[PDB]
Amino acid sequence: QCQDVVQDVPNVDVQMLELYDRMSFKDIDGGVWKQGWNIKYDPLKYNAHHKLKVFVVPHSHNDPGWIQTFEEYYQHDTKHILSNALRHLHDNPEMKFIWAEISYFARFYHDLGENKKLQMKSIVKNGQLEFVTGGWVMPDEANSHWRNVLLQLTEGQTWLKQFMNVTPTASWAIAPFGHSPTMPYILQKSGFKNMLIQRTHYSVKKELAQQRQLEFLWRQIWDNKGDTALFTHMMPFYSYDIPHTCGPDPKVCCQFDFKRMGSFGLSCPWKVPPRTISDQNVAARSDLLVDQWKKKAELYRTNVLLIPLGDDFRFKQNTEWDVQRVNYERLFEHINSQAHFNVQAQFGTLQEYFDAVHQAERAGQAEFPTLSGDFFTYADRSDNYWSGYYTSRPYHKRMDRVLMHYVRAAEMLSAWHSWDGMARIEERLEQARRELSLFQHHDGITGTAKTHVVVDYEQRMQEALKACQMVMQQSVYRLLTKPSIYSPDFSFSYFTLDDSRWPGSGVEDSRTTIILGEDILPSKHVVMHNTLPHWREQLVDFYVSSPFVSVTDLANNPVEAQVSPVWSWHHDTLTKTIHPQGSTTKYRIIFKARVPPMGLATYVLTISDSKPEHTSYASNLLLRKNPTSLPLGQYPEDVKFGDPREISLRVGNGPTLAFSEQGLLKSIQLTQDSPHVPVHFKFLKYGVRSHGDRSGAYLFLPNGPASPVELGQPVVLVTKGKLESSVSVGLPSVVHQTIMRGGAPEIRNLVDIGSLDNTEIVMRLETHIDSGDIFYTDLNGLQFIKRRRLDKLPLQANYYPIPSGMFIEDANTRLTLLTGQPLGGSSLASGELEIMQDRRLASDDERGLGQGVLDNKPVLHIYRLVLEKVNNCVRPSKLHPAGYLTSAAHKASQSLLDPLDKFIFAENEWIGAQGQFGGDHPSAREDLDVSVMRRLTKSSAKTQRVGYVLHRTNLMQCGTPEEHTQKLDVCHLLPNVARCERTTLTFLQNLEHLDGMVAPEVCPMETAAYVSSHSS
Ligand SMILES: CO[C@H]1O[C@H](CO)[C@@H](O)[C@H](S[C@H]2O[C@H](CO)[C@@H](O)[C@H](O)[C@@H]2O)[C@@H]1O
Ligand SMILES: *[C@@H]1O[C@H](CO)[C@@H](O)[C@H](O)[C@H]1NC(C)=O
Ligand SMILES: [Zn+2]
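Residues numbered from 1 in each chain as written, not as in the entry; some residues may be left out. Chains lettered and ligands numbered in written order. Heavy atoms only, no water.

The record lists X-ray crystallography as the method behind this PDB entry and 1.300 Å as its resolution.

Right under this line is the structure:
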C-alpha cells in the first residue's frame, strides 16, 4: 500500500516555499550577532534540578582538494592531524574528536603500522574518535546526482565497516553551499537517525531561531505520513569556525579559540585575543563563556547544547592539541564545580549530543517541529547569493555525469560473472568508484577549486573512465563469446568504447573510425549495452571510412541506416567567420539499435562498392551569403547552398520545428493539425559589477539583467535525413545544434567562451506559457521541487541548481528542459526558462579561493526539449510543493544520463561471437530503474552476493494506458539464489529476509536495496 505522492498535501510546521513567500529578508544590523538580535535569557531558567548540559565537540574540516590537491593536503596537513589525533586521544582519555572525510582516513590508515592500526581501532571502539557521516567526502548538495551521493556514502561506510567496525548514524555537513532534502532521503534509508547542517541563508537562520525551529524532523516534500523524516540540527550562526560556534558574539567566542594568541600566526579580527586560562582569570573567563552558551541555548528547545570546536585543517600541531585541551579542561573544572552556573560541560561527540537531545525529548521536555523543503539558494551575507557555483567549471560538471554512467555500466556488466583475481576487475572498479566519489566533494563538482586542483580531479576522472572502459569491454567479450571458445587476455582491448557526446565533437578528436575496405577488411562487429531494465531502441552512430556501408543484426536481417557527413566547425581567422567543414575521409552511419533490458545486442557494418539497399543519405544545406564549395569525398549527395532563411523540419511522425534565419528554434508543432507554438531560443550575456562585490567561482553578482549576444549573420547548416535531421549554427562562443530523431529534440551546445572576461553566457527559452512566477527544478536528479520567483530578492537569488531538469507550465502547456550536466538556471519572467552555459570571471569573490575563473575550456552541453499538452494530466494541487515529470520527459532524461553504450570490436575477426545477451531479462515498468547492480563478493567466497538499488520515480498520469510489463525480481536475475534480503542502501545492514527469495518492487518515489545470495 503505497503513499500517494501527488494528491495529499503534507501538513508540516515549516514548509520552505511558504516560508520564503512570507519572509521579508531584511538585512539589518542585529548587533554583535550581526544577522540576528541581542539574545536575552532568564538566568533562573537553569537550577540544580535542571542544568544546561554542554557538549564541546572538537573537529577539523579537511577538504579533499581545494587550494591544494588531495595528496598535497594529505602530506602537508591531514597526515599530521590524524597522527597527532591518534597520540593525543590515546594519551588523554576524556578528549574527543569527530572525523568526516573517509577518503583521507583511508589514505592515512593504510600507511600505519599494525601497532598504530590497533591503537586507532581502540580509540574508535572506546568512542573517543567518532566518525560522522562516514562518506568518502562531504559532498556538494546542489550539483551532485543522488546516485553519486549514495556511491560516495557507500564507499566511505563500506571502508569503515571493514576496517573500523562502525557505521555512523549521525551526519555532519558543515560546509556544502546550501542543503538539499536528498541528503536526509538517502541517509534515512541508510540507517541514519540524525543529521546536522550549517550553510543556510542568514535570513532563514534568523527566522527559525526566533521560533526555536532550528531542530526539526525533515521530511520529503511529498511525504504525507512522515516516514521519511530525519531529525536535523541547523547551526544558527554565520560560520562553523570557533568565533561563530560558542555563542552569538564572535568578539567573545574568538577569545576561546586558543590557537589565536600569536605563535600560530593567527589572531582575532575583533581585536581581543584569547588569554591563557589561569586560577586568577578562570572565574571571569567562565562567566563570559557560560554567558555565550546560555544565549545560544535560548535558540533551541532542550537543555542539551552543541558547541563545535574547530575550523579548517585544525588540530595539526601537538602544541595546538595542548593549548585547546588544557584551557578547556580548566574551564570545565571551574564551571562544573560552581553550582551558580548550573552547567555540566564536557568534551563530547556528535552522537553523544543527539543521544542526550533525544533523552530530553523522551522525558517530555521538548517537541520538535516538522519541516519540508530545501535550503537553496544560500547567501552568507547581504546580497551575496552562491548561485555561481551551479555553473562554474562546467566541463567537469559534464564529465561527472559521463563518469556516473560509466561507473554504473562497468559495475553492472561485470556483476554477471565472478572474475579471477588476475582480471583486476575489483581493482579497476574500486579506483573508478573512488575517483568519482572524490569529485563529489564540495570543492570538486562545484567548480570552486584552484586551477591545478581542477586538473588533478580531471586526471583522476580520466583514469576512472579508462578503468570503466577496461572492465566493460572485458565483460562484453565474456558475455557474448561461446563459453568453450572464450580465451581472455585480461590486459587486451577486445573492444573500444565509442562515445558520440563526450568529450564531444569540437572538444576532442577522440572517436575511432571504423576502417573498412575491399583490400583490408570487409566488415566490423559493434555491440550496444543498455543499462536500463527495459527494452530500448535508440539511434546510435559510428564513424566509418566509406559512405557505402550497410547494417545487419546477427541473424543477418538488414537494418535501415542513414549516412551523413562528419561536420566540424572552425573559427576561420582569415575570413573572421565560424563555419563548418566536411570530412572527405570519414562519414557517420546512424541506425536504430534494439537492446534487451540490462543487456547487449550485436550488429555488423559491411562495406559495399556502391549505395546499399537499406542505407539512405542525408541532404545538406549551408545557409550563408558568399558561400564557398564543400566537397565531401565519396559522399553521394552534393551540398546545397542558399542565403539565410527561415526553415522547417520534421522527422518521422514527430514534431515540426521552425527555425529563424539565425538557426535558432522559433516554434514547435506537435502534430499535423496542431498549432505552431512559440518556443524561442536566445543567447544572452551577464556581466560583472564595476563597483561593489564581484562575481567569482561561488557568487553570481550580475550587473543587471542579461543583454542579447550580438549574432551578426551566422552560418547555418541544415542536415535532413530519414532517421535524423539537424540545424547547427556557429554563434559567438557557441556552436548551437538542434537534432531531431522523431520525438523530443536534442540540443547540443559546444561552448567556448574564449577570452571573454567577466562574462556569463546564458541560454534562454521564451514562450507564451502562462507560468507567472512559478517554475520547477530538480534536486540531485531525484525529485522536482516547486520554485517561486521572488521580486523582493535580487536576480541571483532566483537562480537555482538545475542538476538534471527544469520546467514551466500553465493549465494547458508544459515546457521541460532536461540536462546532461548540472548548471544554474531560473525563470526570470513568465513563460521563460534559462540555463547558464559558462562563466569567465576575472576577480576573486572573497570566499577563500584566491583566484577568478579564467581556465575555461570547450565543453559540449547536451539537453532534451519536451513541449507537451498537460491539461489532461492529474497534477498536484496548487498548494503541493512538488512537481512530477511526464513519461516522455523522464525518458528524455534517461536518454541523456544513461544512453546506450557502444563497443567496436578491435580485432579483424571475433570467433564465437553471439548476437544478444539478456533477451530473457524482465522488461520492467518505465518508472522503475535498477540504479545500481554490484557484485559484493570476490571469487573466493563460497556464497556470492549481488546488491541492487531499485528506484521508482513518479510520473504523471495523463491518460496513456501504456500497459503490460513484467515484474522485475532482482533476486532471480542470477541463477541459484539461496537467499534474498532487503538492506540499507549501502548494503551494510540486513533489514528483512524475504519470503520466496522474491524482491518486491518499490512504491513511487521510493528507493530500496536488495542483496541476493547464490550458492551456484
Ligand atoms: C571567507 O571564508 C573563509 O573563512 C571561513 C571561516 O569563517 C572558512 O569557512 C572558508 S573555507 C571553507 O569554505 C569555502 C567557501 O567559502 C569552501 O570552499 C571550503 O571548502 C571550506 O569549507 C574561507 O577560508
Ligand atoms: C563489531 O562490533 C560489535 C560491537 O558490539 C561486536 O559484537 C563485534 O565483535 C565487533 N567486531 C569486532 C570487535 O571484531
Ligand atoms: Zn570545505
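Undergrad: Before we move on, could you go through the state of the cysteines and cite the residues and values that matter?
TA: As used in these notes, a disulfide is a covalent bond between sulfur atoms, one from each of two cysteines. Here the structure, examined in full by the defined rule, presents 5 disulfides. Between the sulfur of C246 and that of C253 lies a disulfide, 2.0 Å long from S to S. Between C246 and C253, the disulfide has an S-S torsion of -80 degrees and is therefore left-handed. Disulfide pairing places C971 opposite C980 at an S-S distance of 2.0 Å. Between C971 and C980, the S-S dihedral sits near 75 degrees, and the bridge is therefore right-handed. With relative accessibility at 0%, the residue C980 sits in the buried group. (Disulfide = S-S within 2.5 Å. Buried < 20%, exposed > 50% of the residue type's maximum accessible area, 1.4 Å probe, protein only.)

Undergrad: Pulling in residues and values, what's your account of empty space enclosed by the protein?
TA: Across all of its chains, the model carries 8 cavities of 30 Å³ or more by this definition. For the largest cavity, the lining is made up of 25 residues, of which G781, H890, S893, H951 and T953 are closest to its centre. Contributing elements (two or more residues each) for the lining of the largest cavity: α5 (146-164), β35 (783-788), α15 (887-897) and β45 (928-935). In terms of residue count, the dominant contributor to the lining of the largest cavity is α15 (4 residues). Of the residues that constitute the lining of the largest cavity, the class distribution is 9 nonpolar, 12 polar and 4 charged. (1 Å grid on protein atoms, 1.4 Å probe; cavity = no way out; pocket = protein on both sides within 12 Å on 5 of 7 lines; lining within 4 Å. Points joined across faces, edges and corners; volume = space filled by probe spheres on them. Helix = DSSP H or I, 4+ residues; strand = E, 2+ residues; numbered from the N terminus. Nonpolar A, V, L, I, M, F, W, Y, C, P; charged D, E, K, R; others polar.)

Undergrad: Which residues make up the layout of surface pockets, and what values go with them?
TA: Volume-wise, the second largest pocket comes out at about 870 Å³. Lining the second largest pocket are 32 residues, with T158, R433, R934, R935 and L936 sitting closest to its centre. When residues of the lining of the second largest pocket are assigned to their parent elements, the largest contribution, 8 residues, is made by α5. Per-class residue counts for the lining of the second largest pocket are 10 nonpolar, 10 polar and 12 charged.

Undergrad: Account for the site of ligand 1, naming residues and giving values.
TA: What surrounds ligand 1 is a group of 16 residues, the closest being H61, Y240, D443, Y698 and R847. A distance of 2.9 Å is found between an oxygen atom of ligand 1 and a side-chain nitrogen or oxygen belonging to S239. Contact between ligand 1 and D443: an oxygen atom at 2.6 Å from a side-chain N or O atom of the residue. Within the complex, 81% of the 520 Å² of free accessible area of ligand 1 lies under protein. (Near = heavy atom within 4 Å. Polar contact = N/O pair within 3.5 Å; in protein donor to acceptor, adjacent residues only side chain to side chain. Areas by Shrake-Rupley, 256 points an atom, 1.4 Å probe, with all protein chains shown as cover.)

Undergrad: An account of the packing of aromatic side chains is requested, with residue identities and associated values reported.
TA: Evaluated as defined, the whole model comprises 55 aromatic pairs. Consider the rings of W159 and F163, whose centres lie 5.0 Å apart with planes at 35 degrees: the pair is tilted. Placement of the pair is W159 and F163 together in helix α5, with a separation of 4 residues, close to one helical turn. For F163, a relative accessible area of 27% gives the class partly exposed. With centroids separated by 4.8 Å and ring planes inclined at 75 degrees, the aromatic side chains of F231 and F368 adopt a geometry described as edge-to-face. Here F368 lies in the loop between α11 (350-362) and β11 (370-372) and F231 lies in strand β8 (residues 230-234), a separation of 137 residues in the sequence. Each member of the pair, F231 together with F368, is buried. Cation over ring: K857 sits above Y395, and NZ or CZ is 4.3 Å from the ring centre. (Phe/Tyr/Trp six-rings, centres within 6.5 Å; stacked < 30°, edge-to-face > 60°. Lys NZ or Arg CZ within 6 Å of the ring centre and 35° of its normal.)

Undergrad: Any details on helix α9 (residues 282-297)? Residues and values, ideally.
TA: For α9, with 16 residues, the first-to-last C-alpha span of 22 Å sits near the 22 Å given by 1.5 Å per residue. When α9 is considered as a whole, its buried residues turn out to be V282, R285, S286, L289, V290, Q292, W293, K294, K295, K296 and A297. The secondary structure elements touched by the buried residues of α9 are β2 (52-61), α8 (250-253), β9 (304-312), α10 (318-337) and β10 (343-347). (Expected span 1.5 Å × (residues − 1). Contact = heavy atoms within 4.5 Å.)

Undergrad: I'd love a proper account of the domain arrangement of the protein chain, names of residues and values included.
TA: Looking at the protein chain, the domain boundaries give domain 1 (1-382), domain 2 (383-493), domain 3 (494-618 + 899-920), domain 4 (619-898) and domain 5 (921-1016). Distance from the C-alpha centre of domain 1 to the C-alpha centre of domain 2: 33 Å. In this complex, domain 1 contributes 39 residues to the contact, which on the side of domain 2 involves 35 residues. Counting the surface lost from both domain 1 and domain 2, the interface buries some 3300 Å², and carbon and sulfur atoms represent 56% of this. Joining domain 1 to domain 2, the criterion identifies 2 salt bridges. A salt bridge links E155 to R434; its shortest N-O distance comes to 2.8 Å. At the junction of domain 1 and domain 2, the tally comes to 21 residue pairs in polar contact. Counting only elements with at least two residues in the side of domain 1 that touches domain 2, the list comes to α2 (70-91) and α5. The leading source of residues in the side of domain 1 that touches domain 2 is α5, at 6 residues. Among the residues forming the side of domain 1 that touches domain 2, the class breakdown is 18 nonpolar, 13 polar and 8 charged. (Domains from an automatic or database assignment. Buried area = accessible area lost by both parts, 1.4 Å probe. Salt bridge = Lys/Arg side-chain N within 4 Å of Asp/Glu carboxyl O.)

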